[PDB]
Amino acid sequence: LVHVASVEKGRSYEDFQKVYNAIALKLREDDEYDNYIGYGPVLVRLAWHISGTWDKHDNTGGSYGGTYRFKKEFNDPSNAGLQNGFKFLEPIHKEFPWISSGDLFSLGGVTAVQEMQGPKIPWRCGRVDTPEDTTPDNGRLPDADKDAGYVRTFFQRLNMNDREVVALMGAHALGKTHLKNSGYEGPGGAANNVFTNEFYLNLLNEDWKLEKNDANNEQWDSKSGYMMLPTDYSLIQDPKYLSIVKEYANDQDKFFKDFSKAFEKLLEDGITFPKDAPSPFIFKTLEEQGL
Ligand code: HEM
């Protein structure tokens, strides 16, 4: 499988900045979703789940084909709750019908991080919608009830090393787990719609307690009202992971710089860019535009 990126006909930077601004403006307007957390968190989980199906061995899955629009990927149990991010994006796609699906779900992920004050993420266009039969089967996204060894092994298939895995996991500071979507309940911190290095700090400074929740699943709870998944707490159990968790807890600027690189790579995995292709775009936030 070779997937060559092809720029949407005649489009350039200015066209994708209007799609970015349209997404950002609605993030600001529908601010009441999920008890005022808003849509930013579910939009970065959607961009990670449409890219997380990639397999490095035969180049199937990944964000290129925009196949989350088909029944099989959209009804995946692992994607429970992301229907809310899709529904948020469906009026922006009506307004900009020329944008491809893979491009709109990955650009919604980029827009949410930056609007929630994270790092700039360089983004490249050119994903092309592929047919229903190119949709990956269910079962390629990770389980939550597992340990460090499982996380390390799982992220090998997306070829992410340890440093890239721990940076990517810092997004678990955003939003929350929802019992009816995943069988886990609660937020991982105080500031869940602002992008910070809070996840690492909470992991190292809270007193965590192994409890059983209402869906019979075990999770790590703190007196402050925060929770960690078994797969999140794995990060301080493993020696390799623990020293990278400590580096990002002590340096937010290195964490932003490493999350930006690993998140762009996640979104671009499996796509070939021709050398006549445009350079990555860096979009201005509503704030830098005075909007
Ligand atoms: C071992 C890897 C991972 C596992 C097992 C995992 C699991 C989960 C689970 C169980 C939820 C709760 C969903 C719900 O109930 O609504 C969740 C939410 C979320 N995860 Fe992950 N995750 C993993 C990696 C990542 C990565 C790599 C990213 C992003 C780059 C990410 C971003 C998010 C975000 C932002 C949410 C919040 C969604 C919301 O508030 O609706 N996850 N994760």
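Throughout, numbering of the chain's residues begins at 1 and tracks the sequence. Just so you know, ligand 1 is whichever comes first in the structure, and atom 1 is the first atom listed for that ligand.
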Original post:
Does even one non-hydrogen atom of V165 get within less than 4.0 Å of ligand 1?
Top reply: no
Original post:
Step by step, would you call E288 with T285 a side chain to side chain donor-acceptor pair (under 3.5 Å)?
Top reply: CA-CA 5 Å; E288 305 164 306; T285 66; 3.2 Å; yes
Subject >> Nearest protein heavy atom with distance in Å, relative to atom 41 (O) of ligand 1 >> reply: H178 CE1, 3.3 Å
Original post:
Which protein N, O or S atoms lie under 2.8 Å from atom 21 (Fe) of ligand 1?
Top reply: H172 NE2
Original post:
To which protein heavy atom is atom 11 (C) of ligand 1 closest, and what is the distance rounded to 0.1 Å?
Top reply: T177 CG2, 4.1 Å
**OP:** Among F283, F96, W123, find the residue that satisfies the ring-ring contact (aromatic ring centres under 6.0 Å, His included) test when tested with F16.
**Re:** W123
Original post:
Run the ring-ring contact (aromatic ring centres under 6.0 Å, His included) check on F259 and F195 step by step: do they pass?
Top reply: CA-CA 11 Å; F259 177 87; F195 200 91; 4.8 Å; yes
Subject >> Residue and atom name of the nearest protein heavy atom (relative to atom 37 (C) of ligand 1), distance in Å to one decimal >> reply: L174 O, 3.6 Å
Original post:
What is the closest protein heavy atom to atom 10 (C) of ligand 1, and at what distance does it sit?
Top reply: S182 CB, 3.9 Å
Original post:
Which is closest to atom 39 (C) of ligand 1 by heavy-atom distance: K176, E185, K146?
Top reply: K176
**OP:** Flag the pair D238 and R152 as a salt bridge only when some basic side-chain nitrogen lies within less than 4.0 angstrom of an acidic carboxylate oxygen.
**Re:** yes
Subject >> Validation row: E268, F273 side chains within 4.5 angstrom (heavy atoms) >> reply: yes
Subject >> Where ligand 1 meets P41 - atom numbers and elements under 4.0 angstrom, heavy-atom basis >> reply: 35 (C), 40 (O)
Original post:
With a 3.5 Å cut-off and no angle check, do the side chains of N21 and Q289 form a donor-acceptor pair?
Top reply: yes
Subject >> Side-chain heavy-atom pair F199, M228 within 4.5 angstrom cut-off >> reply: yes
Subject >> Neighbour count >12 (heavy atoms, 6.0 Å) for atom NZ, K284 >> reply: no
Subject >> Proximal atoms of ligand 1 relative to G175 (non-hydrogen, under 4.0 Å) >> reply: 40 (O)
Subject >> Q83 atom CD, over 12 foreign heavy atoms within 6.0 Å >> reply: yes
Subject >> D133, CG: over 12 other non-hydrogen atoms inside 6.0 angstrom >> reply: yes
Subject >> Proximity flag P142 to ligand 1, non-hydrogen atoms under 4.0 Å >> reply: yes
Original post:
Hey, which atoms in ligand 1 end up nearer than 4.0 Å to a heavy atom of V44?
Top reply: 35 (C)
Original post:
In the protein, which heavy atom is nearest to atom 5 (C) of ligand 1, and how far is it?
Top reply: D143 O, 3.4 Å
Original post:
Quick one: do the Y13 and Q17 side chains pair a donor with an acceptor below 3.5 Å?
Top reply: yes
